[PDB]
Amino acid sequence: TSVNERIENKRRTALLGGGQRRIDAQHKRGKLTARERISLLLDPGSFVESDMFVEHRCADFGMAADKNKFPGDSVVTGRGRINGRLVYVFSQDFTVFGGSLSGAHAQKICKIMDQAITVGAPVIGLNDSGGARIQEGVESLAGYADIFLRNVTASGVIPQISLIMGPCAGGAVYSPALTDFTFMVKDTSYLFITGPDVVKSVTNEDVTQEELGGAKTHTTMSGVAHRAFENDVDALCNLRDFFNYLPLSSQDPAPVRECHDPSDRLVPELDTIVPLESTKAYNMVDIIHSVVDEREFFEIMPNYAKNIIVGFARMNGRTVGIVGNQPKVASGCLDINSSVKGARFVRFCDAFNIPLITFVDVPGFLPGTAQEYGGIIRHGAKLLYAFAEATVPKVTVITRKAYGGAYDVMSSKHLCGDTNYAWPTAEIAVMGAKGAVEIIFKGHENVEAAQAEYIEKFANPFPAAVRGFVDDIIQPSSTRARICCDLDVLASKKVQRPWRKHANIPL
Amino acid sequence: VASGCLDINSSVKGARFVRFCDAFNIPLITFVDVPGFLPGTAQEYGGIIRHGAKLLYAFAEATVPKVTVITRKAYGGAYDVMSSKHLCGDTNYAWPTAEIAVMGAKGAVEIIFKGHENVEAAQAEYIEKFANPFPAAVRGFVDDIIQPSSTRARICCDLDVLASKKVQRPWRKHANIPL
Amino acid sequence: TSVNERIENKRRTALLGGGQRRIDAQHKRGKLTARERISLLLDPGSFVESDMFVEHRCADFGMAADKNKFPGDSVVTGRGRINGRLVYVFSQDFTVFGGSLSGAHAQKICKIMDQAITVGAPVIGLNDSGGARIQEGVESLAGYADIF
Amino acid sequence: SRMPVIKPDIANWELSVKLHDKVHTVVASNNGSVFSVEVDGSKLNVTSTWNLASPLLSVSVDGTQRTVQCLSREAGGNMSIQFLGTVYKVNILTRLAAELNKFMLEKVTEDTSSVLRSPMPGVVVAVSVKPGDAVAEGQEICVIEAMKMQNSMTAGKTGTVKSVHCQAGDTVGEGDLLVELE
Amino acid sequence: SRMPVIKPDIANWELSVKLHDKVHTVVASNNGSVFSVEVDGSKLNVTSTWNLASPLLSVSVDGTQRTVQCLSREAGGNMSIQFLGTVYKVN
Ligand SMILES: CC(=O)SCCNC(=O)CCNC(=O)[C@H](O)C(C)(C)COP(=O)(O)OP(=O)(O)OC[C@H]1O[C@@H](n2cnc3c(N)ncnc32)[C@H](O)[C@@H]1OP(=O)(O)O
Ligand SMILES: CC(=O)SCCNC(=O)CCNC(=O)[C@H](O)C(C)(C)COP(=O)(O)OP(=O)(O)OC[C@H]1O[C@@H](n2cnc3c(N)ncnc32)[C@H](O)[C@@H]1OP(=O)(O)O
Ligand SMILES: *C(=O)CCCC[C@@H]1SC[C@@H]2NC(=O)N[C@@H]21
Ligand SMILES: *C(=O)CCCC[C@@H]1SC[C@@H]2NC(=O)N[C@@H]21
């Protein structure tokens, strides 16, 4: 047997991975293999595989047997491009020891993590694992620690995207907590530390696999997964589209792409969206879609914390991040869940030089013991902090309500904002007329007459604008034109801040 | 309390404290005895994954001296969360009662020898070899195994020589904590 | 057998290294052992040994035999002071596989190299080796590259 | 300038284009402003300026002047295109995506658009209907008011009302059934 | 200030002092300007200012005034000391 024959035989096995029968089962369950997923994700022919001939070195517990020698050791690693842009990937292969993590497994992933940080290219992981490989014991625990160290080091340096394409258990479930976005596949992917078998054995509770850690749970209730997609093919198609929004590294400006949508057009549809009656809700998404280039908007966590909307869009070719209230849900109030999603999004966009647009319509905070005992104070500070420390352009437009401390939390101008616009329907006050007048004229006669005078003078955006809180009051139809003008001149903005080892977020 | 398990509330308090001390150059001492994470739907639906990442992040990004001593249990992913050496730690000591493993003997042996006869006999051999701090120490996970009575002396020695420590990290506008 | 007994037995073997008969030959040739050399070099009582319980993980060519399991894997590493000033040291032990370099051997030396660079303390090496440990093959070549 | 971008040299686009119940084989290539498209062996040349932002896209297909509107697009290949006044649904996958997509499980969920539930806790202040009333898509059915806001609940199904489960003056929580359609 | 230096707490110096053909057991301790030295059981007190650069070192040993000269020193313990005019080699 020549060396070339041995090489060819290893190449053929590396492509089969766990073997054809395993691959057959992989398809029966409705899943693609790790290599098929990469072929879909990356530009055709752009993928270059690294370390395809690496095998484990563990000899204990029968691991020295030829039957266990799977080239690639359960991960496919390499580099490629999406639409001409460099990206690093890795994908875990469930058909080889269940996708469990070995020492060598982690080493290969770390290698990719180090090349991407050095050059400044994003890393996209496709995760699917049964947890640690117990045959090696403590070697796999060091594997996790090294991966975690790279994921922390890369934070704020390169984007880190993690798409879950199957179950994930043990220590593996923490890597999506360190990356920037986590995506899942409905009814296929899971995120949990221990399985239902442990829950039943430890405590007298009955739960199944989907209830414990299914995609629907994490995208609707726990707030862990940013979005779930119907199947593997649609998940990767949307991932390519998402990729096109982000810079390659934090040293780069927000990408600018060819755009055919005139930057100076008006949107007459905005003038009548906001009702004159204060108790009538409207859909904030109608405003967002009409302003953004070609009416394309990428919504994050559509089913979690619906009272606040965050997502990506482009204006005049440039990627921007959008944050705003949704008056349809809980009157547009802030609560614990909305502050968590908001602060996380704002901080990512600031780290990677993506401008922020804020659409404010917030009457205050969600009251009640459910929020008080939940630490609403500690959690609300997260969104205020995320805006206050931002150094990227911030353009705020107030569409209607801004009462109380929520005015400042939703990126008010006095938090180093660049511009602040009000629509004619905006009203900025410490509280509404009823509270303010009954408190001011407490115990006085003819309070209702005093309220009429108070409403005429203060129930409008003018007592704030004349003091410098608002830069202009614009016809809503011109909102897009005004924002476009600001974005194209604030893009060269640079500011300094006192040196600090690191930031200290309230948590 | 709760067998020493990690949960949402403990991760929040821990991460906040660790981050402050790192920012103001205050060394960290860690006393590890953690069997794993608090199980149950109360924690799963509460975002235990997202919250546990807060404590791991706070330790991993630290640049101040970190001295860890393991007094007894360190099972599973909790080993690394509680400031393990591979997160740029300075020293890691074990007491003779420490045990470092992916899981306890019962889970590990029944999974390894799943469907086999004489599992209990295999468990006896497994416990004798792995139910101790040695398979981790011989691989470089632990720097020494010390008589507990000397713990103070060892820590004092490390603190007075790690105080001049300086490290570099790649430049980043700001950190991006998992939240 | 308790864990404390096993620990004490490993401590006693780590101090003997290659064994008393090897140590006897070491003196016959007119050489000190690796641990005796450190005791002379550093301020009395200042030396703290690291990773004394680390053993090789190579199982091939009979390396899995109990007769080959020498705690310390042929190097003594640690830190101390000379006249009150911090210094890091390591010393290669010729009595254990001839002082040959293994993967784990290099790893321990690199660990000292990294702590010394981070704090800013000199490193003094006491070298004595027969070369690469051929039983591991290419693992020892990576060891040299990391040290370099 | 830091990270050079290299445009993939794609000479031919091999697509699998699914219409109503048929899957057609289409291969296209770009020659500037005109795409040469082979549709199951038929050669067509589609010339345009391809301004992708305009609501009205004017194309010339083998000398035939057409106006089309693209109403929606999805990353998964779904496009809604209005052609001669009628909206057609087309799913365009690449050859590779179409070949692998056959391995996906055809799971089907239930359309429960007749079951109208409260999206938000509060007190019911108006119901626009009684059983037998006609309902249009987007028609307001119930109004629930809380947090100084009136949350209007609309129907997603055309038909008539079968039962009204909650009346004005009643207090409802999240997920409670308000009205059931036929 | 970057690297604190900690003076070893050496209470006693245990020396093996070889002269011509004899090896003597000497234990010394410092009490400031005076060293208390036990030489094979004999107690001596050597008081001086210990200016180590001068060619002439004046010492007082149990009230006896001596002048000595240190001519050479080696790291290996060898010292050449002139005592009453004669140079003695001590290791
Ligand atoms: C406490 C901590 O954080 S450490 C957690 C430690 N994690 C683990 O060791 C794994 C967790 N538990 C399991 O093994 C579960 O079975 C999970 C998580 C892998 C999920 O199981 P499933 O998705 O149903 O996969 P399943 O176990 O059925 O797969 C079977 C195959 O995968 C492999 N496999 C399954 N579990 C493991 C494992 N833990 N380690 C190594 N290989 C495994 C087996 O070789 C088996 O081979 P087969 O093809 O002949 O069946
Ligand atoms: C091209 C390159 O750069 S790679 C260079 C490759 N060369 C080598 O491998 C080393 C050179 N050759 C040798 O091995 C020589 O014997 C040298 C350099 C080690 C010198 O040998 P000596 O100083 O006489 O030591 P010696 O070999 O007698 O030691 C004997 C013991 O050491 C050990 N030993 C000796 N050589 C080796 C070796 N190459 N690898 C591992 N162990 C060794 C044996 O276990 C032996 O055990 P024992 O105690 O039962 O005798
Ligand atoms: C009527 O009871 C007044 C409700 C308060 C209006 C809303 S609800 C939560 C916000 N907090 C606040 O003071 N105003 C807002
Ligand atoms: C018995 O039912 C086993 C209980 C699990 C032991 C503890 S409880 C939570 C930690 N997770 C884990 O896997 N082990 C720890």
# chains A, B, ... in the order shown; residues from 1 in each chain; ligands from 1

call {"tool": "residues_near_ligand", "arguments": {"ligand": "ligand 1", "cutoff": "6 Å", "atoms": "only C-alpha atoms and all ligand atoms", "output": "ChimeraX atom specification"}}
result
/A:97-98,100,130-134,167,169-171,193 /B:76-77,102-103

call {"tool": "write_last_selection", "arguments": {"atoms": "C-alpha atoms", "output": "short mmCIF file (atom, residue, chain, number, x, y, z; two decimals), in the first residue's frame"}}
result
data_model
loop_
_atom_site.label_atom_id
_atom_site.label_comp_id
_atom_site.auth_asym_id
_atom_site.auth_seq_id
_atom_site.Cartn_x
_atom_site.Cartn_y
_atom_site.Cartn_z
CA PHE A 97 -19.59 9.85 18.69
CA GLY A 98 -22.83 11.82 18.89
CA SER A 100 -19.43 14.92 21.64
CA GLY A 130 -24.35 15.56 22.91
CA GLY A 131 -21.96 17.12 25.37
CA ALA A 132 -18.56 16.10 26.70
CA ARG A 133 -16.92 12.89 25.51
CA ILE A 134 -16.74 10.95 28.78
CA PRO A 167 -29.52 19.20 20.48
CA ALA A 169 -26.14 19.54 26.27
CA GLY A 170 -23.56 19.99 28.97
CA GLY A 171 -20.90 22.66 28.72
CA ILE A 193 -27.71 21.76 30.45
CA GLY B 76 -19.23 19.43 34.98
CA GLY B 77 -19.16 22.83 33.35
CA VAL B 102 -17.28 15.78 34.11
CA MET B 103 -19.80 14.12 36.42
#

call {"tool": "interface_residues", "arguments": {"of": "chain A", "to": "chain B", "cutoff": "7 Å", "atoms": "only C-alpha atoms", "output": "VMD selection string"}}
result
chain A and resid 134 137 to 138 141 to 142 145 to 146 149 152 155 to 157 170 to 171 174 177 to 178 199 212 221 to 224 344 347 to 348 351 501 to 502 504 507

call {"tool": "residues_near_ligand", "arguments": {"ligand": "ligand 3", "cutoff": "10 Å", "atoms": "only C-alpha atoms and all ligand atoms", "output": "VMD selection string"}}
result
(chain A and resid 330 to 335 362 to 368 401 to 406 430 to 432 434 to 435) or (chain D and resid 146 to 149)

call {"tool": "write_last_selection", "arguments": {"atoms": "N, CA, C and O atoms", "output": "tab-separated table (two decimals), in the first residue's frame"}}
result
chain	number	residue	atom	x	y	z
A	330	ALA	N	-48.68	46.16	25.99
A	330	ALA	CA	-48.52	46.72	27.33
A	330	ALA	C	-48.39	48.24	27.33
A	330	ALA	O	-47.53	48.79	28.01
A	331	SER	N	-49.18	48.90	26.47
A	331	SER	CA	-49.19	50.35	26.26
A	331	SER	C	-47.83	50.93	25.86
A	331	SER	O	-47.66	52.15	25.84
A	332	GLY	N	-46.85	50.09	25.53
A	332	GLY	CA	-45.55	50.60	25.15
A	332	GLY	C	-44.63	50.88	26.31
A	332	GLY	O	-43.60	51.53	26.12
A	333	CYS	N	-44.97	50.33	27.47
A	333	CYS	CA	-44.23	50.46	28.72
A	333	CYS	C	-42.94	49.68	28.77
A	333	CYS	O	-42.81	48.68	28.10
A	334	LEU	N	-41.98	50.12	29.58
A	334	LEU	CA	-40.77	49.34	29.76
A	334	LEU	C	-40.91	48.37	30.92
A	334	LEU	O	-41.54	48.68	31.93
A	335	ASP	N	-40.31	47.19	30.77
A	335	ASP	CA	-40.37	46.15	31.79
A	335	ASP	C	-39.02	45.45	31.77
A	335	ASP	O	-38.10	45.87	31.06
A	362	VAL	N	-43.19	55.98	24.75
A	362	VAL	CA	-43.17	55.19	25.97
A	362	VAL	C	-43.83	55.97	27.10
A	362	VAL	O	-43.41	57.08	27.43
A	363	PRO	N	-44.91	55.45	27.68
A	363	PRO	CA	-45.63	56.18	28.72
A	363	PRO	C	-45.06	56.04	30.12
A	363	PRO	O	-45.56	56.69	31.04
A	364	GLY	N	-44.04	55.21	30.31
A	364	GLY	CA	-43.52	54.94	31.63
A	364	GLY	C	-43.09	53.50	31.77
A	364	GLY	O	-42.71	52.86	30.79
A	365	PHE	N	-43.15	52.97	32.99
A	365	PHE	CA	-42.70	51.62	33.28
A	365	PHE	C	-43.89	50.76	33.66
A	365	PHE	O	-44.88	51.25	34.20
A	366	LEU	N	-43.79	49.47	33.37
A	366	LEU	CA	-44.84	48.54	33.74
A	366	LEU	C	-44.93	48.43	35.26
A	366	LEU	O	-43.97	47.96	35.89
A	367	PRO	N	-46.03	48.83	35.88
A	367	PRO	CA	-46.13	48.76	37.34
A	367	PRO	C	-46.46	47.36	37.84
A	367	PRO	O	-46.92	46.51	37.08
A	368	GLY	N	-46.24	47.13	39.13
A	368	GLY	CA	-46.76	45.96	39.80
A	368	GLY	C	-45.66	45.17	40.50
A	368	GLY	O	-44.47	45.29	40.19
A	401	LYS	N	-45.69	59.51	22.91
A	401	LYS	CA	-45.51	59.69	24.35
A	401	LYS	C	-44.05	59.58	24.75
A	401	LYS	O	-43.30	58.76	24.23
A	402	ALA	N	-43.66	60.41	25.72
A	402	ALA	CA	-42.38	60.25	26.41
A	402	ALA	C	-42.56	60.83	27.81
A	402	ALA	O	-42.22	61.99	28.06
A	403	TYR	N	-43.09	60.02	28.72
A	403	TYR	CA	-43.37	60.46	30.08
A	403	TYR	C	-42.31	59.95	31.04
A	403	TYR	O	-41.84	58.81	30.92
A	404	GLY	N	-41.96	60.77	32.02
A	404	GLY	CA	-41.20	60.28	33.15
A	404	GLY	C	-39.78	59.92	32.80
A	404	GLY	O	-39.21	60.41	31.82
A	405	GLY	N	-39.19	59.05	33.63
A	405	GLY	CA	-37.79	58.68	33.45
A	405	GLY	C	-37.54	57.93	32.17
A	405	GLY	O	-36.40	57.87	31.70
A	406	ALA	N	-38.59	57.37	31.57
A	406	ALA	CA	-38.46	56.68	30.30
A	406	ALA	C	-37.97	57.60	29.19
A	406	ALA	O	-37.39	57.12	28.22
A	430	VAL	N	-42.93	65.10	32.70
A	430	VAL	CA	-42.62	64.21	33.82
A	430	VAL	C	-43.75	63.21	34.04
A	430	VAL	O	-43.53	62.07	34.45
A	431	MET	N	-44.97	63.63	33.75
A	431	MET	CA	-46.11	62.73	33.81
A	431	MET	C	-47.25	63.41	33.08
A	431	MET	O	-47.13	64.56	32.65
A	432	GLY	N	-48.36	62.69	32.90
A	432	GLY	CA	-49.51	63.21	32.21
A	432	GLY	C	-50.23	64.28	33.01
A	432	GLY	O	-49.97	64.51	34.19
A	434	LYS	N	-53.21	64.59	34.24
A	434	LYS	CA	-53.98	64.19	35.41
A	434	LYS	C	-53.11	64.11	36.66
A	434	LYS	O	-53.42	64.76	37.67
A	435	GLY	N	-51.99	63.37	36.60
A	435	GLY	CA	-51.12	63.28	37.76
A	435	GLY	C	-50.52	64.62	38.12
A	435	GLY	O	-50.60	65.06	39.26
D	146	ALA	N	-56.69	48.56	29.08
D	146	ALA	CA	-55.88	48.54	30.29
D	146	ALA	C	-54.66	49.41	30.03
D	146	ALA	O	-54.36	49.73	28.88
D	147	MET	N	-53.95	49.76	31.10
D	147	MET	CA	-52.75	50.58	30.97
D	147	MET	C	-53.03	51.79	30.09
D	147	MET	O	-52.29	52.08	29.15
D	148	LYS	N	-54.11	52.49	30.42
D	148	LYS	CA	-54.53	53.69	29.67
D	148	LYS	C	-54.36	53.50	28.17
D	148	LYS	O	-53.89	54.39	27.47
D	149	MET	N	-54.73	52.33	27.66
D	149	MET	CA	-54.62	52.05	26.24
D	149	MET	C	-55.71	51.07	25.83
D	149	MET	O	-55.99	50.12	26.56

call {"tool": "select_by_dssp", "arguments": {"residues": "region 90-158 of chain D", "states": "strand (DSSP E)", "output": "list in words"}}
result
residues 90, 91, 92, 93, 94, 115, 116, 117, 122, 123, 124, 125, 126, 127, 134, 135, 140, 141, 142, 143, 144, 145, 146, 149, 150, 151, 152, 153 and 154 of chain D

call {"tool": "residues_near_ligand", "arguments": {"ligand": "ligand 2", "cutoff": "12 Å", "atoms": "only C-alpha atoms and all ligand atoms", "output": "number ranges by chain"}}
result
C: 18-26, 29, 63, 67-68, 74, 93-102, 128-138, 140-141, 144

call {"tool": "write_last_selection", "arguments": {"atoms": "N, CA and C atoms", "output": "compact mmCIF listing (two decimals), in the first residue's frame"}}
result
# COMPACT_ATOMS: atom_id res chain seq x y z
N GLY C 18 14.01 9.36 39.55
CA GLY C 18 14.38 8.13 38.90
C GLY C 18 14.70 6.98 39.83
N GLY C 19 14.71 7.21 41.13
CA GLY C 19 14.99 6.16 42.08
C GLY C 19 16.36 6.33 42.73
N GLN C 20 16.49 5.73 43.92
CA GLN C 20 17.68 5.88 44.73
C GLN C 20 18.93 5.33 44.06
N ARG C 21 18.80 4.26 43.28
CA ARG C 21 19.97 3.67 42.63
C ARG C 21 20.51 4.59 41.54
N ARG C 22 19.59 5.28 40.87
CA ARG C 22 19.97 6.25 39.85
C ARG C 22 20.66 7.41 40.56
N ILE C 23 20.06 7.88 41.66
CA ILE C 23 20.64 8.97 42.43
C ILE C 23 22.04 8.60 42.90
N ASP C 24 22.22 7.37 43.38
CA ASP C 24 23.55 6.91 43.75
C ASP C 24 24.53 7.03 42.59
N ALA C 25 24.13 6.61 41.39
CA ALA C 25 25.00 6.76 40.23
C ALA C 25 25.25 8.22 39.90
N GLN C 26 24.24 9.08 40.08
CA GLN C 26 24.37 10.51 39.84
C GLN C 26 25.51 11.09 40.66
N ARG C 29 29.16 9.79 39.60
CA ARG C 29 29.74 10.51 38.48
C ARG C 29 30.22 11.90 38.88
N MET C 63 4.69 2.62 27.36
CA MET C 63 4.73 3.80 28.21
C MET C 63 3.59 3.82 29.22
N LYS C 67 5.95 1.02 35.62
CA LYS C 67 7.38 1.26 35.77
C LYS C 67 7.83 2.56 35.13
N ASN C 68 7.03 3.13 34.23
CA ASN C 68 7.39 4.34 33.51
C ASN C 68 6.74 5.59 34.09
N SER C 74 10.46 14.24 34.59
CA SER C 74 11.85 14.59 34.33
C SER C 74 12.19 16.07 34.43
N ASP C 93 15.93 16.73 35.05
CA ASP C 93 16.37 15.60 35.87
C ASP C 93 16.84 14.47 34.97
N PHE C 94 18.15 14.22 34.95
CA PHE C 94 18.72 13.23 34.05
C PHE C 94 18.38 11.80 34.44
N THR C 95 17.91 11.57 35.66
CA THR C 95 17.73 10.20 36.12
C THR C 95 16.40 9.62 35.66
N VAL C 96 15.55 10.43 35.05
CA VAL C 96 14.24 9.97 34.60
C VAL C 96 14.20 10.00 33.08
N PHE C 97 14.21 8.81 32.46
CA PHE C 97 14.36 8.59 31.02
C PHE C 97 15.54 9.32 30.41
N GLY C 98 16.62 9.50 31.17
CA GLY C 98 17.78 10.18 30.64
C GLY C 98 17.64 11.67 30.50
N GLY C 99 16.59 12.24 31.07
CA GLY C 99 16.35 13.67 30.98
C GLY C 99 15.74 14.07 29.64
N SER C 100 15.27 13.08 28.89
CA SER C 100 14.72 13.32 27.57
C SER C 100 13.45 14.17 27.64
N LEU C 101 13.15 14.87 26.56
CA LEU C 101 12.04 15.81 26.54
C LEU C 101 10.76 15.15 26.03
N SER C 102 9.69 15.26 26.81
CA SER C 102 8.39 14.78 26.39
C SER C 102 7.47 15.96 26.10
N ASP C 128 20.07 19.69 31.26
CA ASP C 128 20.71 18.38 31.23
C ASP C 128 19.73 17.42 30.57
N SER C 129 20.01 17.00 29.35
CA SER C 129 19.04 16.21 28.60
C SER C 129 19.72 15.33 27.57
N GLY C 130 19.09 14.21 27.23
CA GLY C 130 19.67 13.30 26.28
C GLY C 130 19.05 13.54 24.92
N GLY C 131 18.16 14.53 24.87
CA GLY C 131 17.45 14.85 23.65
C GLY C 131 15.99 14.48 23.70
N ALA C 132 15.38 14.36 22.52
CA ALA C 132 13.96 14.07 22.41
C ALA C 132 13.66 12.67 22.91
N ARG C 133 12.47 12.50 23.48
CA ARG C 133 11.99 11.19 23.91
C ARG C 133 11.33 10.53 22.71
N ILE C 134 12.02 9.56 22.11
CA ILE C 134 11.59 8.96 20.85
C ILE C 134 10.34 8.09 21.01
N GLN C 135 10.00 7.71 22.22
CA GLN C 135 8.82 6.89 22.41
C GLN C 135 7.55 7.66 22.07
N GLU C 136 7.57 8.98 22.23
CA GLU C 136 6.39 9.78 21.90
C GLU C 136 6.43 10.24 20.45
N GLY C 137 7.61 10.35 19.88
CA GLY C 137 7.75 10.66 18.46
C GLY C 137 7.73 12.17 18.21
N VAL C 138 6.63 12.65 17.63
CA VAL C 138 6.54 14.03 17.17
C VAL C 138 6.01 14.97 18.23
N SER C 140 7.36 15.46 21.14
CA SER C 140 8.50 16.15 21.71
C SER C 140 9.02 17.23 20.77
N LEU C 141 8.82 17.07 19.46
CA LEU C 141 9.23 18.11 18.53
C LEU C 141 8.38 19.36 18.68
N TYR C 144 9.72 21.29 21.79
CA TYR C 144 10.83 22.19 21.46
C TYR C 144 10.36 23.47 20.80

call {"tool": "atom_distance", "arguments": {"atom1": "CA of residue 126 (chain A)", "atom2": "CA of residue 352 (chain A)"}}
result
22.4 Å

call {"tool": "atom_distance", "arguments": {"atom1": "CA of residue 52 (chain E)", "atom2": "CA of residue 40 (chain E)"}}
result
26.3 Å

call {"tool": "residues_around", "arguments": {"residues": "residue 314 (chain A)", "least_positions_apart": "5", "cutoff": "6 Å", "atoms": "only C-alpha atoms", "output": "list in words"}}
result
residues 292, 293, 319 and 320 of chain A

call {"tool": "atom_distance", "arguments": {"atom1": "CA of residue 77 (chain D)", "atom2": "CA of residue 92 (chain A)"}}
result
26.4 Å

call {"tool": "closest_atom_pairs", "arguments": {"of": "chain A", "to": "chain D", "cutoff": "9 Å", "atoms": "only C-alpha atoms", "output": "CSV"}}
result
residue,atom,partner,partner_atom,distance
A:27,CA,D:103,CA,5.7
A:28,CA,D:103,CA,7.3
A:29,CA,D:105,CA,7.7
A:30,CA,D:104,CA,4.7
A:31,CA,D:104,CA,6.9
A:32,CA,D:103,CA,7.6
A:36,CA,D:100,CA,8.1
A:39,CA,D:96,CA,8.4
A:40,CA,D:97,CA,6.8
A:43,CA,D:8,CA,7.4
A:44,CA,D:8,CA,8.3
A:46,CA,D:8,CA,8.6
A:81,CA,D:6,CA,8.7
A:83,CA,D:7,CA,6.7
A:84,CA,D:6,CA,4.6
A:85,CA,D:5,CA,5.3
A:86,CA,D:5,CA,7.5
A:119,CA,D:3,CA,8.8
A:120,CA,D:3,CA,8.5
A:121,CA,D:3,CA,8.7
A:231,CA,D:104,CA,7.2
A:232,CA,D:104,CA,7.8
A:233,CA,D:101,CA,6.4
A:234,CA,D:76,CA,5.0
A:235,CA,D:76,CA,8.2
A:236,CA,D:76,CA,8.7
A:237,CA,D:75,CA,5.5
A:238,CA,D:75,CA,5.3
A:239,CA,D:75,CA,8.7
A:240,CA,D:75,CA,8.4
A:241,CA,D:75,CA,6.8
A:248,CA,D:3,CA,8.2
A:252,CA,D:2,CA,8.5
A:259,CA,D:53,CA,8.0
A:260,CA,D:53,CA,5.4
A:261,CA,D:53,CA,5.1
A:262,CA,D:53,CA,8.4
A:278,CA,D:149,CA,7.5
A:279,CA,D:149,CA,4.3
A:280,CA,D:150,CA,5.6
A:281,CA,D:151,CA,6.5
A:293,CA,D:53,CA,8.2
A:294,CA,D:53,CA,5.6
A:327,CA,D:149,CA,8.5
A:328,CA,D:151,CA,6.4
A:329,CA,D:120,CA,7.4
A:330,CA,D:147,CA,6.8
A:331,CA,D:149,CA,5.7
A:333,CA,D:147,CA,8.8
A:366,CA,D:147,CA,8.6

call {"tool": "residues_around", "arguments": {"residues": "residue 180 (chain D)", "least_positions_apart": "3", "cutoff": "6 Å", "atoms": "only C-alpha atoms", "output": "PyMOL selection string"}}
result
chain D and resi 114-115+162-163

call {"tool": "interface_residues", "arguments": {"of": "chain C", "to": "chain E", "cutoff": "8 Å", "atoms": "only C-alpha atoms", "output": "list in words"}}
result
residues 43, 83, 84, 85 and 86 of chain C

call {"tool": "write_last_selection", "arguments": {"atoms": "C-alpha atoms", "output": "mmCIF file, in the first residue's frame"}}
result
data_model
loop_
_atom_site.group_PDB
_atom_site.id
_atom_site.type_symbol
_atom_site.label_atom_id
_atom_site.label_comp_id
_atom_site.auth_asym_id
_atom_site.auth_seq_id
_atom_site.Cartn_x
_atom_site.Cartn_y
_atom_site.Cartn_z
ATOM 1 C CA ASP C 43 17.304 31.280 49.201
ATOM 2 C CA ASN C 83 18.535 37.471 48.072
ATOM 3 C CA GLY C 84 14.895 38.458 48.319
ATOM 4 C CA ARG C 85 14.437 38.970 44.580
ATOM 5 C CA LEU C 86 11.863 36.954 42.672
#

call {"tool": "interface_residues", "arguments": {"of": "chain C", "to": "chain A", "cutoff": "12 Å", "atoms": "only C-alpha atoms", "output": "list in words"}}
result
residues 57, 58, 59, 60, 63, 64, 136 and 139 of chain C

call {"tool": "write_last_selection", "arguments": {"atoms": "C-alpha atoms", "output": "PDB file, in the first residue's frame"}}
result
ATOM      1  CA  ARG C  57      -0.163  10.578  28.913  1.00  0.00           C
ATOM      2  CA  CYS C  58       1.607   8.476  26.290  1.00  0.00           C
ATOM      3  CA  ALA C  59       0.405   4.878  26.316  1.00  0.00           C
ATOM      4  CA  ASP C  60       2.271   3.511  23.278  1.00  0.00           C
ATOM      5  CA  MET C  63       4.732   3.796  28.214  1.00  0.00           C
ATOM      6  CA  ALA C  64       1.481   2.830  29.956  1.00  0.00           C
ATOM      7  CA  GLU C 136       6.395   9.775  21.897  1.00  0.00           C
ATOM      8  CA  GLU C 139       5.035  15.220  20.433  1.00  0.00           C
TER       9      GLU C 139
END

call {"tool": "residues_around", "arguments": {"residues": "region 12-18 of chain E", "least_positions_apart": "6", "cutoff": "10 Å", "atoms": "only C-alpha atoms", "output": "list in words"}}
result
residues 24, 25, 26, 27, 28, 29, 30, 36, 37, 38, 39, 77, 78, 89, 90 and 91 of chain E

call {"tool": "write_last_selection", "arguments": {"atoms": "C-alpha atoms", "output": "CSV table (one decimal), in the first residue's frame"}}
result
chain,number,residue,atom,x,y,z
E,24,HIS,CA,35.7,23.8,61.9
E,25,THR,CA,32.0,24.1,62.8
E,26,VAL,CA,31.0,27.8,63.2
E,27,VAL,CA,27.5,29.2,63.9
E,28,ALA,CA,27.0,33.0,63.7
E,29,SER,CA,24.2,35.3,64.4
E,30,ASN,CA,23.9,39.1,63.8
E,36,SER,CA,27.9,36.4,68.1
E,37,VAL,CA,30.0,33.5,66.8
E,38,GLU,CA,30.3,30.1,68.3
E,39,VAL,CA,33.5,28.4,67.1
E,77,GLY,CA,33.8,30.6,49.7
E,78,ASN,CA,37.5,31.2,49.3
E,89,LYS,CA,43.5,30.8,53.1
E,90,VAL,CA,40.0,30.0,54.3
E,91,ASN,CA,37.2,28.4,52.4
